[PDB]
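Trainee: My structure file coords.txt, compact mmCIF, N, CA and C atoms and all ligand atoms, is below:
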```
# COMPACT_ATOMS: atom_id res chain seq x y z
N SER H 7 -54.06 11.40 34.25
CA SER H 7 -55.00 11.42 33.13
C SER H 7 -55.46 10.01 32.74
N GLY H 8 -56.64 9.92 32.12
CA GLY H 8 -57.17 8.64 31.67
C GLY H 8 -58.69 8.49 31.68
N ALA H 9 -59.22 7.75 30.70
CA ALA H 9 -60.66 7.54 30.60
C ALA H 9 -61.01 6.11 30.14
N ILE H 10 -62.28 5.69 30.34
CA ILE H 10 -62.80 4.41 29.85
C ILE H 10 -63.76 4.73 28.70
N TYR H 11 -63.52 4.15 27.54
CA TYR H 11 -64.37 4.35 26.38
C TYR H 11 -65.16 3.08 26.11
N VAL H 12 -66.48 3.08 26.45
CA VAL H 12 -67.39 1.94 26.21
C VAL H 12 -68.65 2.44 25.50
N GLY H 13 -68.92 1.92 24.29
CA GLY H 13 -70.06 2.35 23.49
C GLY H 13 -69.97 3.83 23.19
N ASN H 14 -71.09 4.56 23.28
CA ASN H 14 -71.06 6.01 23.08
C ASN H 14 -70.81 6.78 24.41
N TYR H 15 -70.06 6.16 25.33
CA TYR H 15 -69.76 6.79 26.62
C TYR H 15 -68.26 6.90 26.89
N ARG H 16 -67.86 8.00 27.56
CA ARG H 16 -66.50 8.28 28.02
C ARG H 16 -66.62 8.43 29.55
N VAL H 17 -65.80 7.70 30.33
CA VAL H 17 -65.89 7.76 31.78
C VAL H 17 -64.64 8.41 32.29
N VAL H 18 -64.76 9.49 33.07
CA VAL H 18 -63.59 10.18 33.60
C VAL H 18 -63.77 10.48 35.09
N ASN H 19 -62.66 10.88 35.77
CA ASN H 19 -62.71 11.41 37.13
C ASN H 19 -63.43 12.74 36.99
N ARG H 20 -64.48 12.97 37.79
CA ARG H 20 -65.27 14.20 37.74
C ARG H 20 -64.39 15.42 37.95
N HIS H 21 -63.39 15.34 38.88
CA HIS H 21 -62.53 16.52 39.08
C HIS H 21 -61.62 16.82 37.88
N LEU H 22 -61.49 15.88 36.94
CA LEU H 22 -60.66 16.09 35.75
C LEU H 22 -61.47 16.29 34.45
N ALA H 23 -62.82 16.35 34.56
CA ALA H 23 -63.70 16.53 33.40
C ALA H 23 -63.44 17.86 32.71
N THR H 24 -63.52 17.84 31.37
CA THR H 24 -63.29 18.97 30.49
C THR H 24 -64.61 19.74 30.20
N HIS H 25 -64.53 20.88 29.48
CA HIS H 25 -65.72 21.61 29.07
C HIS H 25 -66.57 20.73 28.16
N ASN H 26 -65.93 20.01 27.22
CA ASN H 26 -66.64 19.11 26.32
C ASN H 26 -67.40 18.02 27.07
N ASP H 27 -66.80 17.44 28.12
CA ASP H 27 -67.46 16.43 28.95
C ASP H 27 -68.71 17.03 29.61
N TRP H 28 -68.62 18.25 30.14
CA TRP H 28 -69.76 18.91 30.79
C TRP H 28 -70.84 19.36 29.78
N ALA H 29 -70.43 19.74 28.57
CA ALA H 29 -71.38 20.14 27.52
C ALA H 29 -72.10 18.92 26.90
N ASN H 30 -71.58 17.70 27.14
CA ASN H 30 -72.11 16.43 26.67
C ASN H 30 -72.35 15.47 27.83
N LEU H 31 -72.68 16.01 29.02
CA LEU H 31 -72.94 15.30 30.24
C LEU H 31 -74.06 14.31 30.07
N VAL H 32 -73.87 13.08 30.58
CA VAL H 32 -74.88 12.05 30.63
C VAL H 32 -75.27 11.91 32.14
N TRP H 33 -74.26 11.74 33.00
CA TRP H 33 -74.43 11.56 34.43
C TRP H 33 -73.13 11.96 35.15
N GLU H 34 -73.24 12.47 36.36
CA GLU H 34 -72.08 12.83 37.17
C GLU H 34 -72.46 12.62 38.63
N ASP H 35 -71.48 12.20 39.44
CA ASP H 35 -71.71 12.01 40.87
C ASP H 35 -70.47 12.52 41.64
N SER H 36 -70.62 13.66 42.36
CA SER H 36 -69.56 14.27 43.17
C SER H 36 -69.11 13.30 44.25
N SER H 37 -70.07 12.60 44.89
CA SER H 37 -69.73 11.65 45.95
C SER H 37 -68.88 10.48 45.45
N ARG H 38 -68.92 10.18 44.15
CA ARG H 38 -68.11 9.10 43.57
C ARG H 38 -66.90 9.58 42.78
N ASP H 39 -66.78 10.91 42.50
CA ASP H 39 -65.71 11.46 41.67
C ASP H 39 -65.84 10.88 40.25
N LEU H 40 -67.08 10.65 39.75
CA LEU H 40 -67.26 10.14 38.38
C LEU H 40 -68.07 11.10 37.52
N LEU H 41 -67.81 11.10 36.23
CA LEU H 41 -68.58 11.85 35.27
C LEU H 41 -68.58 11.02 33.98
N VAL H 42 -69.73 10.90 33.36
CA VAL H 42 -69.86 10.20 32.10
C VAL H 42 -70.40 11.19 31.09
N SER H 43 -69.71 11.29 29.96
CA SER H 43 -70.12 12.13 28.87
C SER H 43 -70.35 11.26 27.61
N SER H 44 -71.03 11.83 26.61
CA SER H 44 -71.38 11.12 25.39
C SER H 44 -70.34 11.36 24.30
N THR H 45 -70.08 10.35 23.48
CA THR H 45 -69.09 10.43 22.39
C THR H 45 -69.73 10.11 21.03
N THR H 46 -69.06 10.53 19.95
CA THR H 46 -69.47 10.27 18.57
C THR H 46 -68.99 8.88 18.13
N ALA H 47 -67.77 8.49 18.53
CA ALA H 47 -67.21 7.19 18.16
C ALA H 47 -67.64 6.09 19.11
N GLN H 48 -67.66 4.84 18.62
CA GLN H 48 -68.06 3.66 19.39
C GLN H 48 -66.86 3.01 20.09
N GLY H 49 -66.82 3.12 21.41
CA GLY H 49 -65.78 2.55 22.26
C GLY H 49 -65.87 1.04 22.35
N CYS H 50 -64.79 0.39 22.75
CA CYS H 50 -64.76 -1.07 22.78
C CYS H 50 -64.18 -1.66 24.07
N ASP H 51 -64.08 -0.86 25.15
CA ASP H 51 -63.63 -1.38 26.44
C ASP H 51 -64.76 -2.25 27.00
N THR H 52 -64.42 -3.40 27.56
CA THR H 52 -65.40 -4.28 28.18
C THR H 52 -65.45 -3.95 29.67
N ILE H 53 -66.65 -3.67 30.21
CA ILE H 53 -66.75 -3.40 31.64
C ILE H 53 -66.95 -4.76 32.34
N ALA H 54 -66.19 -5.02 33.41
CA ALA H 54 -66.33 -6.25 34.17
C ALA H 54 -67.63 -6.20 34.99
N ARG H 55 -68.30 -7.32 35.14
CA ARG H 55 -69.52 -7.44 35.92
C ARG H 55 -69.20 -8.61 36.85
N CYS H 56 -68.62 -8.30 38.02
CA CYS H 56 -68.14 -9.35 38.93
C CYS H 56 -67.90 -8.78 40.36
N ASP H 57 -67.38 -9.63 41.27
CA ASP H 57 -66.95 -9.22 42.61
C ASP H 57 -65.46 -9.57 42.84
N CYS H 58 -64.64 -9.58 41.77
CA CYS H 58 -63.20 -9.79 41.82
C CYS H 58 -62.56 -8.81 42.79
N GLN H 59 -61.63 -9.26 43.62
CA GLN H 59 -60.87 -8.39 44.52
C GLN H 59 -59.37 -8.44 44.23
N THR H 60 -58.97 -8.87 43.01
CA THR H 60 -57.59 -8.90 42.50
C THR H 60 -57.66 -8.44 41.04
N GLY H 61 -56.61 -7.76 40.62
CA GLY H 61 -56.56 -7.19 39.28
C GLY H 61 -55.24 -6.50 39.03
N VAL H 62 -55.14 -5.74 37.94
CA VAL H 62 -53.92 -5.05 37.52
C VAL H 62 -54.30 -3.59 37.18
N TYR H 63 -53.54 -2.61 37.66
CA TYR H 63 -53.80 -1.21 37.36
C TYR H 63 -52.60 -0.53 36.68
N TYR H 64 -52.86 0.52 35.90
CA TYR H 64 -51.82 1.26 35.23
C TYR H 64 -51.42 2.46 36.05
N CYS H 65 -50.12 2.56 36.33
CA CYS H 65 -49.60 3.67 37.12
C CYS H 65 -48.74 4.52 36.23
N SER H 66 -49.29 5.65 35.69
CA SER H 66 -48.51 6.50 34.80
C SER H 66 -47.26 7.11 35.45
N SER H 67 -47.26 7.41 36.77
CA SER H 67 -46.04 7.95 37.44
C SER H 67 -44.86 6.95 37.47
N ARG H 68 -45.11 5.67 37.13
CA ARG H 68 -44.05 4.67 37.04
C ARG H 68 -43.95 4.03 35.64
N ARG H 69 -44.88 4.37 34.71
CA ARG H 69 -45.00 3.74 33.39
C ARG H 69 -45.05 2.19 33.52
N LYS H 70 -45.74 1.73 34.56
CA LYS H 70 -45.83 0.30 34.86
C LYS H 70 -47.25 -0.07 35.27
N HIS H 71 -47.63 -1.34 35.03
CA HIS H 71 -48.86 -1.97 35.49
C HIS H 71 -48.46 -2.79 36.71
N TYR H 72 -49.30 -2.77 37.74
CA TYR H 72 -49.03 -3.49 38.97
C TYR H 72 -50.19 -4.42 39.35
N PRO H 73 -49.92 -5.67 39.79
CA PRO H 73 -51.03 -6.51 40.28
C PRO H 73 -51.34 -6.09 41.73
N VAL H 74 -52.63 -6.00 42.08
CA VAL H 74 -53.05 -5.54 43.40
C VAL H 74 -54.22 -6.35 43.90
N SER H 75 -54.34 -6.43 45.22
CA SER H 75 -55.52 -6.97 45.88
C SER H 75 -56.23 -5.69 46.28
N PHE H 76 -57.54 -5.63 46.10
CA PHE H 76 -58.26 -4.41 46.42
C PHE H 76 -59.52 -4.66 47.22
N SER H 77 -59.95 -3.67 47.99
CA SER H 77 -61.11 -3.83 48.86
C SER H 77 -62.46 -3.73 48.12
N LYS H 78 -63.56 -4.02 48.82
CA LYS H 78 -64.90 -3.94 48.26
C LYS H 78 -65.30 -2.47 48.13
N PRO H 79 -66.08 -2.10 47.10
CA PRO H 79 -66.51 -0.70 46.97
C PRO H 79 -67.22 -0.20 48.23
N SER H 80 -66.71 0.90 48.81
CA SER H 80 -67.31 1.42 50.03
C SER H 80 -67.11 2.94 50.19
N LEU H 81 -67.71 3.49 51.25
CA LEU H 81 -67.66 4.88 51.66
C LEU H 81 -66.40 5.03 52.48
N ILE H 82 -65.41 5.74 51.94
CA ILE H 82 -64.13 5.96 52.58
C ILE H 82 -63.90 7.46 52.65
N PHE H 83 -63.46 7.98 53.83
CA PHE H 83 -63.19 9.41 54.00
C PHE H 83 -62.00 9.82 53.12
N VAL H 84 -62.11 10.98 52.45
CA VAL H 84 -61.10 11.55 51.57
C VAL H 84 -60.86 13.00 51.99
N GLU H 85 -59.60 13.34 52.26
CA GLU H 85 -59.14 14.66 52.69
C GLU H 85 -59.43 15.75 51.67
N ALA H 86 -59.61 17.00 52.16
CA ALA H 86 -59.89 18.17 51.32
C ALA H 86 -58.85 18.39 50.21
N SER H 87 -59.26 19.03 49.13
CA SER H 87 -58.40 19.33 47.98
C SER H 87 -58.93 20.60 47.28
N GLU H 88 -58.25 21.08 46.20
CA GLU H 88 -58.80 22.23 45.46
C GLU H 88 -60.04 21.87 44.61
N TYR H 89 -60.46 20.57 44.65
CA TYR H 89 -61.59 20.00 43.92
C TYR H 89 -62.79 19.71 44.83
N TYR H 90 -62.55 19.18 46.05
CA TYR H 90 -63.66 18.84 46.96
C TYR H 90 -63.33 19.19 48.41
N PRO H 91 -64.35 19.50 49.24
CA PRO H 91 -64.07 19.62 50.69
C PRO H 91 -63.84 18.20 51.30
N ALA H 92 -63.45 18.10 52.58
CA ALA H 92 -63.26 16.78 53.21
C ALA H 92 -64.62 16.04 53.23
N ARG H 93 -64.65 14.78 52.76
CA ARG H 93 -65.93 14.07 52.65
C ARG H 93 -65.76 12.54 52.59
N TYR H 94 -66.87 11.78 52.61
CA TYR H 94 -66.81 10.34 52.38
C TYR H 94 -67.07 10.19 50.88
N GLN H 95 -66.20 9.48 50.18
CA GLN H 95 -66.39 9.20 48.76
C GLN H 95 -66.96 7.79 48.67
N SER H 96 -68.09 7.64 48.00
CA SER H 96 -68.74 6.33 47.87
C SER H 96 -68.19 5.54 46.68
N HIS H 97 -68.38 4.20 46.74
CA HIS H 97 -67.99 3.25 45.70
C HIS H 97 -66.47 3.25 45.47
N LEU H 98 -65.69 3.50 46.54
CA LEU H 98 -64.23 3.58 46.48
C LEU H 98 -63.58 2.28 46.95
N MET H 99 -62.54 1.80 46.23
CA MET H 99 -61.83 0.57 46.60
C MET H 99 -60.36 0.88 46.81
N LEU H 100 -59.76 0.47 47.95
CA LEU H 100 -58.34 0.73 48.23
C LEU H 100 -57.45 -0.52 48.05
N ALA H 101 -56.18 -0.28 47.67
CA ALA H 101 -55.12 -1.28 47.49
C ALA H 101 -53.79 -0.70 47.96
N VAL H 102 -52.86 -1.56 48.35
CA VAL H 102 -51.52 -1.14 48.72
C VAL H 102 -50.78 -1.00 47.39
N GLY H 103 -50.37 0.21 47.09
CA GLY H 103 -49.72 0.50 45.83
C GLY H 103 -49.40 1.96 45.66
N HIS H 104 -48.58 2.24 44.65
CA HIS H 104 -48.17 3.59 44.38
C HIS H 104 -49.20 4.37 43.54
N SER H 105 -49.47 5.58 43.97
CA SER H 105 -50.36 6.50 43.30
C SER H 105 -49.99 7.91 43.75
N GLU H 106 -49.89 8.86 42.81
CA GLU H 106 -49.61 10.24 43.16
C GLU H 106 -50.36 11.19 42.23
N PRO H 107 -50.56 12.49 42.58
CA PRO H 107 -51.28 13.40 41.66
C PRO H 107 -50.75 13.32 40.24
N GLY H 108 -51.64 12.93 39.34
CA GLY H 108 -51.34 12.67 37.94
C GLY H 108 -51.74 11.26 37.53
N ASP H 109 -51.85 10.34 38.51
CA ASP H 109 -52.24 8.95 38.26
C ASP H 109 -53.74 8.73 38.13
N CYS H 110 -54.58 9.73 38.46
CA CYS H 110 -56.04 9.57 38.32
C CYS H 110 -56.42 9.27 36.85
N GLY H 111 -57.30 8.30 36.62
CA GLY H 111 -57.67 7.92 35.26
C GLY H 111 -57.11 6.58 34.83
N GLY H 112 -56.00 6.16 35.44
CA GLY H 112 -55.41 4.84 35.19
C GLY H 112 -56.43 3.75 35.46
N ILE H 113 -56.58 2.83 34.52
CA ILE H 113 -57.59 1.79 34.57
C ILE H 113 -57.13 0.60 35.42
N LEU H 114 -58.06 0.09 36.23
CA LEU H 114 -57.90 -1.13 36.99
C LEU H 114 -58.71 -2.19 36.22
N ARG H 115 -58.14 -3.37 36.02
CA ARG H 115 -58.79 -4.43 35.26
C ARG H 115 -58.57 -5.76 35.94
N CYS H 116 -59.55 -6.66 35.82
CA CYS H 116 -59.46 -8.05 36.26
C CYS H 116 -59.60 -8.90 34.95
N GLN H 117 -59.72 -10.23 35.06
CA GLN H 117 -59.87 -11.08 33.87
C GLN H 117 -61.20 -10.84 33.11
N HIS H 118 -62.21 -10.27 33.79
CA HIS H 118 -63.53 -9.97 33.25
C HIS H 118 -63.63 -8.61 32.52
N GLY H 119 -62.62 -7.76 32.67
CA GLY H 119 -62.61 -6.45 32.02
C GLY H 119 -62.28 -5.30 32.96
N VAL H 120 -62.68 -4.07 32.57
CA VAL H 120 -62.48 -2.85 33.31
C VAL H 120 -63.30 -2.82 34.61
N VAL H 121 -62.62 -2.66 35.76
CA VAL H 121 -63.25 -2.61 37.07
C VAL H 121 -63.50 -1.15 37.50
N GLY H 122 -62.51 -0.30 37.25
CA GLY H 122 -62.61 1.10 37.63
C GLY H 122 -61.38 1.89 37.27
N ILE H 123 -61.31 3.12 37.80
CA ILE H 123 -60.21 4.04 37.55
C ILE H 123 -59.62 4.64 38.83
N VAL H 124 -58.31 4.91 38.81
CA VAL H 124 -57.61 5.57 39.94
C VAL H 124 -58.27 6.91 40.23
N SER H 125 -58.60 7.15 41.51
CA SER H 125 -59.31 8.35 41.90
C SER H 125 -58.68 9.00 43.16
N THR H 126 -58.03 8.20 44.04
CA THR H 126 -57.32 8.72 45.23
C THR H 126 -55.92 8.06 45.37
N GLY H 127 -55.04 8.62 46.21
CA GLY H 127 -53.70 8.09 46.43
C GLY H 127 -53.02 8.66 47.66
N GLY H 128 -51.78 8.24 47.90
CA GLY H 128 -51.02 8.70 49.05
C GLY H 128 -50.94 7.67 50.17
N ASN H 129 -49.86 7.73 50.94
CA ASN H 129 -49.54 6.85 52.08
C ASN H 129 -49.30 5.39 51.68
N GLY H 130 -48.88 5.16 50.45
CA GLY H 130 -48.66 3.80 49.97
C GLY H 130 -49.97 3.08 49.69
N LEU H 131 -51.06 3.83 49.47
CA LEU H 131 -52.38 3.31 49.17
C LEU H 131 -52.86 3.94 47.86
N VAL H 132 -53.69 3.22 47.10
CA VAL H 132 -54.29 3.72 45.88
C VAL H 132 -55.79 3.44 45.93
N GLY H 133 -56.58 4.45 45.59
CA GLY H 133 -58.04 4.36 45.56
C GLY H 133 -58.59 4.30 44.14
N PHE H 134 -59.56 3.40 43.89
CA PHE H 134 -60.18 3.19 42.58
C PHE H 134 -61.69 3.44 42.70
N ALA H 135 -62.22 4.28 41.80
CA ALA H 135 -63.64 4.55 41.74
C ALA H 135 -64.25 3.38 40.96
N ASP H 136 -65.08 2.57 41.62
CA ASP H 136 -65.69 1.41 40.96
C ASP H 136 -66.69 1.85 39.89
N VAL H 137 -66.80 1.07 38.75
CA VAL H 137 -67.75 1.26 37.63
C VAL H 137 -68.56 -0.02 37.29
N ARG H 138 -68.29 -1.15 37.98
CA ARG H 138 -68.98 -2.40 37.70
C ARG H 138 -70.50 -2.39 37.96
N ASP H 139 -71.01 -1.46 38.79
CA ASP H 139 -72.47 -1.35 39.08
C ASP H 139 -73.22 -0.50 38.05
N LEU H 140 -72.49 0.25 37.20
CA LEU H 140 -73.13 1.09 36.19
C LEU H 140 -73.54 0.23 35.00
N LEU H 141 -74.60 -0.60 35.18
CA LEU H 141 -75.03 -1.53 34.13
C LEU H 141 -75.47 -0.86 32.84
N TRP H 142 -75.92 0.41 32.93
CA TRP H 142 -76.39 1.19 31.78
C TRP H 142 -75.28 1.54 30.79
N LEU H 143 -74.01 1.50 31.21
CA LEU H 143 -72.88 1.76 30.32
C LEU H 143 -72.86 0.80 29.13
N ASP H 144 -73.34 -0.44 29.33
CA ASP H 144 -73.37 -1.49 28.31
C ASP H 144 -74.48 -1.33 27.32
N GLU H 145 -75.66 -0.89 27.77
CA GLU H 145 -76.81 -0.77 26.89
C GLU H 145 -77.02 0.66 26.41
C1 LIG V 201 -54.14 14.15 46.18
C2 LIG V 201 -54.55 12.67 46.16
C3 LIG V 201 -56.04 12.45 46.35
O1 LIG V 201 -56.41 11.44 46.93
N1 LIG V 201 -56.95 13.35 45.87
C4 LIG V 201 -56.72 14.53 45.01
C5 LIG V 201 -57.59 14.49 43.76
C6 LIG V 201 -59.06 14.26 44.12
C7 LIG V 201 -59.23 13.02 45.00
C8 LIG V 201 -60.70 12.69 45.23
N2 LIG V 201 -61.16 11.62 44.61
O2 LIG V 201 -61.41 13.41 45.94
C9 LIG V 201 -58.36 13.22 46.25
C10 LIG V 201 -54.08 11.87 44.97
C11 LIG V 201 -52.91 11.17 44.90
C12 LIG V 201 -52.82 10.37 43.74
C13 LIG V 201 -53.90 10.49 42.95
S1 LIG V 201 -55.04 11.55 43.59
ZN ZN V 202 -63.59 -9.71 37.54
```
Since I need it in another form, could you write the structure as structure tokens?
Ligand SMILES: C[C@@H](C(=O)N1CCC[C@H](C(N)=O)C1)c1cccs1
Ligand SMILES: [Zn+2]

Mentor:
Amino acid sequence: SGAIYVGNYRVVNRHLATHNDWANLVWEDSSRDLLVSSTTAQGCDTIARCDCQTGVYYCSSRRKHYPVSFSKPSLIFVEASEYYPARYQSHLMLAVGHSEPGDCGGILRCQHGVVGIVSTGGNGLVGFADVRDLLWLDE
């Protein structure tokens, strides 16, 4: 579980979006596993606008934050699940680290702010759905 709250926007993993998120949909992308819904309260998370490839992520299955080196946002194949068929997920960044079902939503951050959220895992690898290109989240 986990979301990014910036301005009047809530950012979640699309496969974990609620009825309220869908009834207040702003934008969603199946290929990215992202969904943005509108909120009443004003969020204060800062979104990073950079090309940082090092940062720290929250791993709820360990109740710990871990420093990681991570790859550039790209199209990476993701195995079938009860949420999606086997496909290439776009804007995905991988790191060597622990992630298991339940860790989706954990925020990845660099010194500039929020980079993205945990979206894939397994095999000693963790996948993060990048949000740094969504410039509209700020305005
Ligand atoms: C099962 C596995 C995974 O990569 N999934 C399942 C949840 C949906 C993911 C996706 N982004 O399409 C794929 C996970 C381990 C840890 C977090 S999510
Ligand atoms: Zn950065």

Trainee: Against ligand LIG 201 (chain V), which residues of chain H fall within 6.5 Å? For each one I want the closest pair of atoms and the distance in Å (one decimal), counting only N, CA and C atoms and all ligand atoms, rows by chain and increasing residue number, as a Markdown table.

Mentor:
```
| residue | atom | partner | partner_atom | distance |
| --- | --- | --- | --- | --- |
| H:38 | C | V:LIG201 | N2 | 6.4 |
| H:39 | CA | V:LIG201 | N2 | 5.4 |
| H:84 | CA | V:LIG201 | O2 | 5.9 |
| H:85 | C | V:LIG201 | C9 | 6.1 |
| H:87 | CA | V:LIG201 | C4 | 5.9 |
| H:89 | CA | V:LIG201 | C6 | 6.3 |
| H:90 | N | V:LIG201 | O2 | 5.9 |
| H:105 | C | V:LIG201 | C12 | 3.7 |
| H:106 | C | V:LIG201 | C12 | 3.0 |
| H:107 | N | V:LIG201 | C12 | 3.3 |
| H:108 | N | V:LIG201 | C13 | 4.9 |
| H:109 | N | V:LIG201 | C13 | 4.9 |
| H:110 | N | V:LIG201 | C13 | 4.6 |
| H:124 | C | V:LIG201 | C13 | 6.3 |
| H:125 | C | V:LIG201 | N2 | 3.9 |
| H:126 | CA | V:LIG201 | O1 | 3.3 |
| H:127 | N | V:LIG201 | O1 | 3.2 |
| H:128 | N | V:LIG201 | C11 | 4.3 |
```

Trainee: With a distance cut-off of 7 Å and all atoms listed in the file, select the neighbouring residues of residue 63 of chain H, excluding the residue or stretch itself and same-chain residues fewer than 3 positions from it, and output the selection as a PDB file with N, CA and C atoms, in the frame of the given file.

Mentor:
```pdb
ATOM      1  N   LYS H  70     -45.740   1.730  34.560  1.00  0.00           N
ATOM      2  CA  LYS H  70     -45.830   0.300  34.860  1.00  0.00           C
ATOM      3  C   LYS H  70     -47.250  -0.070  35.270  1.00  0.00           C
ATOM      4  N   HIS H  71     -47.630  -1.340  35.030  1.00  0.00           N
ATOM      5  CA  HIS H  71     -48.860  -1.970  35.490  1.00  0.00           C
ATOM      6  C   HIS H  71     -48.460  -2.790  36.710  1.00  0.00           C
ATOM      7  N   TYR H  72     -49.300  -2.770  37.740  1.00  0.00           N
ATOM      8  CA  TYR H  72     -49.030  -3.490  38.970  1.00  0.00           C
ATOM      9  C   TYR H  72     -50.190  -4.420  39.350  1.00  0.00           C
ATOM     10  N   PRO H  73     -49.920  -5.670  39.790  1.00  0.00           N
ATOM     11  CA  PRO H  73     -51.030  -6.510  40.280  1.00  0.00           C
ATOM     12  C   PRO H  73     -51.340  -6.090  41.730  1.00  0.00           C
ATOM     13  N   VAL H  74     -52.630  -6.000  42.080  1.00  0.00           N
ATOM     14  CA  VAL H  74     -53.050  -5.540  43.400  1.00  0.00           C
ATOM     15  C   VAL H  74     -54.220  -6.350  43.900  1.00  0.00           C
ATOM     16  N   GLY H 112     -56.000   6.160  35.440  1.00  0.00           N
ATOM     17  CA  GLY H 112     -55.410   4.840  35.190  1.00  0.00           C
ATOM     18  C   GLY H 112     -56.430   3.750  35.460  1.00  0.00           C
ATOM     19  N   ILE H 113     -56.580   2.830  34.520  1.00  0.00           N
ATOM     20  CA  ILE H 113     -57.590   1.790  34.570  1.00  0.00           C
ATOM     21  C   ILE H 113     -57.130   0.600  35.420  1.00  0.00           C
ATOM     22  N   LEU H 114     -58.060   0.090  36.230  1.00  0.00           N
ATOM     23  CA  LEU H 114     -57.900  -1.130  36.990  1.00  0.00           C
ATOM     24  C   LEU H 114     -58.710  -2.190  36.220  1.00  0.00           C
ATOM     25  N   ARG H 115     -58.140  -3.370  36.020  1.00  0.00           N
ATOM     26  CA  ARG H 115     -58.790  -4.430  35.260  1.00  0.00           C
ATOM     27  C   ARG H 115     -58.570  -5.760  35.940  1.00  0.00           C
TER      28      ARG H 115
END
```

Trainee: Between H:130, H:37, H:88, H:78, which has the minimum distance to residue 57 of chain H (counting only N, CA and C atoms)?

Mentor: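 Looking only at the distances to residue 57 of chain H, the closest residue turns out to be H:78.
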
Trainee: Ranking H:59, H:41, H:14, H:144 by minimum distance to ligand ZN 202 (chain V) and counting all atoms listed in the file, which one comes first?

Mentor: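 Of H:59, H:41, H:14, H:144, the one nearest ligand ZN 202 (chain V), counting all atoms listed in the file, is H:59.
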
Trainee: Give me, as a PDB file with N, CA and C atoms, in the frame of the given file, the set of residues whose atoms come within 6 Å of any atom of ligand ZN 202 (chain V), counting only N, CA and C atoms and all ligand atoms.

Mentor:
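In the end it all went to selection23.pdb:
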```
ATOM      1  N   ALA H  54     -66.190  -5.020  33.410  1.00  0.00           N
ATOM      2  CA  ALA H  54     -66.330  -6.250  34.170  1.00  0.00           C
ATOM      3  C   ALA H  54     -67.630  -6.200  34.990  1.00  0.00           C
ATOM      4  N   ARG H  55     -68.300  -7.320  35.140  1.00  0.00           N
ATOM      5  CA  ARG H  55     -69.520  -7.440  35.920  1.00  0.00           C
ATOM      6  C   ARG H  55     -69.200  -8.610  36.850  1.00  0.00           C
ATOM      7  N   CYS H  56     -68.620  -8.300  38.020  1.00  0.00           N
ATOM      8  CA  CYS H  56     -68.140  -9.350  38.930  1.00  0.00           C
ATOM      9  C   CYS H  56     -67.900  -8.780  40.360  1.00  0.00           C
ATOM     10  N   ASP H  57     -67.380  -9.630  41.270  1.00  0.00           N
ATOM     11  CA  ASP H  57     -66.950  -9.220  42.610  1.00  0.00           C
ATOM     12  C   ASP H  57     -65.460  -9.570  42.840  1.00  0.00           C
ATOM     13  N   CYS H  58     -64.640  -9.580  41.770  1.00  0.00           N
ATOM     14  CA  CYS H  58     -63.200  -9.790  41.820  1.00  0.00           C
ATOM     15  C   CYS H  58     -62.560  -8.810  42.790  1.00  0.00           C
ATOM     16  N   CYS H 116     -59.550  -6.660  35.820  1.00  0.00           N
ATOM     17  CA  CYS H 116     -59.460  -8.050  36.260  1.00  0.00           C
ATOM     18  C   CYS H 116     -59.600  -8.900  34.950  1.00  0.00           C
ATOM     19  N   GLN H 117     -59.720 -10.230  35.060  1.00  0.00           N
ATOM     20  CA  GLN H 117     -59.870 -11.080  33.870  1.00  0.00           C
ATOM     21  C   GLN H 117     -61.200 -10.840  33.110  1.00  0.00           C
ATOM     22  N   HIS H 118     -62.210 -10.270  33.790  1.00  0.00           N
ATOM     23  CA  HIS H 118     -63.530  -9.970  33.250  1.00  0.00           C
ATOM     24  C   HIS H 118     -63.630  -8.610  32.520  1.00  0.00           C
ATOM     25  N   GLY H 119     -62.620  -7.760  32.670  1.00  0.00           N
ATOM     26  CA  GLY H 119     -62.610  -6.450  32.020  1.00  0.00           C
ATOM     27  C   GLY H 119     -62.280  -5.300  32.960  1.00  0.00           C
TER      28      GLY H 119
END
```

Trainee: Which of these residues is nearest to residue 47 of chain H, using only C-alpha atoms: H:133, H:13, H:122, H:103?

Mentor: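 Under the stated criterion, the closest residue is H:13.
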
Trainee: One decimal, in Å: what's the spacing between atom CA of residue 19 of chain H and atom CA of residue 35 of chain H?

Mentor: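 Computing the Euclidean distance for atom CA of residue 19 of chain H and atom CA of residue 35 of chain H yields 9.8 Å.
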
Trainee: Where does DSSP see strand (DSSP E or B) in chain H, if you list the residues as a ChimeraX atom specification?

Mentor: /H:10-19,31-35,40-50,53,60-65,70-75,80-84,93-102,113-116,119-128,131-136

Trainee: Could you check which residues have any atom within 10 Å of (-62.8, -5.9, 49.1), counting only C-alpha atoms with coordinates taken straight from the file, and then list them as an MDAnalysis selection string?

Mentor: chainID H and resid 57:60 75:80 98:101

Trainee: Grab the atom N of residue 104 of chain H to atom N of residue 135 of chain H distance for me, in Å with one decimal place.

Mentor: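 Separation of atom N of residue 104 of chain H and atom N of residue 135 of chain H: 14.1 Å.
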
Trainee: List as a PyMOL selection string the protein and nucleic acid residues near residue 141 of chain H, meaning an atom at most 9 Å away when only C-alpha atoms are counted, but skip any in the same chain fewer than 4 places from it.

Mentor: chain H and resi 53+55+137+145
